[PDB]
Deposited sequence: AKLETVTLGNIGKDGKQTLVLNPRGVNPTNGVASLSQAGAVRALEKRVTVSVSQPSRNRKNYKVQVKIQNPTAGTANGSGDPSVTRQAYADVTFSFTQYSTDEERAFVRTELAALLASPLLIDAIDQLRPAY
């Protein structure tokens, strides 16, 4: 579909934050869609990119790439999260939706809160 504004609600450690991501176009060369946070200093905008690659000479499976980049103003630091999905030509949408919704749920588990928010491995 057409690249539109994404509004992400009840996020943050608290679940009290909203993030409005405005469309910044689809690059015709590589198909990468770009969004970035409304309302901020260009170089400090929280950013998202998404791409979907078909099988080709270069590639046996479908590959979906999701990337987040969040700047903090200074020493300027960046936080990154990068997601790659891999799905064959014979996967079903039930299978792909399972992985998508699995990961979303995983990201709210005590196991992943400790690893990410607290940087604590399980033992």
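- By the record, the deposited chain contains one unmodelled run at 75-83, with no C-alpha atoms placed there.
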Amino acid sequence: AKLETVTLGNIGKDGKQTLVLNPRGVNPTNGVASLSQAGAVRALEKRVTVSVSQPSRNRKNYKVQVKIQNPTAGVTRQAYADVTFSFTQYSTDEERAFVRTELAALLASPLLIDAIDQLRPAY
From here on, numbers count along this sequence of modelled residues.
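- Judged by mean Cα B factor in the deposited record, 12-20 ranks above the other of 95-103 and 12-20.
- Remark: stretch with higher mean C-alpha B factor among 23-31 and 85-93 is 23-31.
- The top Cα temperature factor in the record, among 73, 64, 48, 79, falls on 73.
- In the deposited entry, the Cα temperature factor of residue 37 sits in the middle third of values across the chain's modelled residues.
- For residue 122, the recorded CA B-factor ranks within the highest third of the chain. Only modelled residues enter the ranking.
- Annotation for residue 6: C-alpha temperature factor in the middle third relative to the rest of the modelled chain, per the entry.
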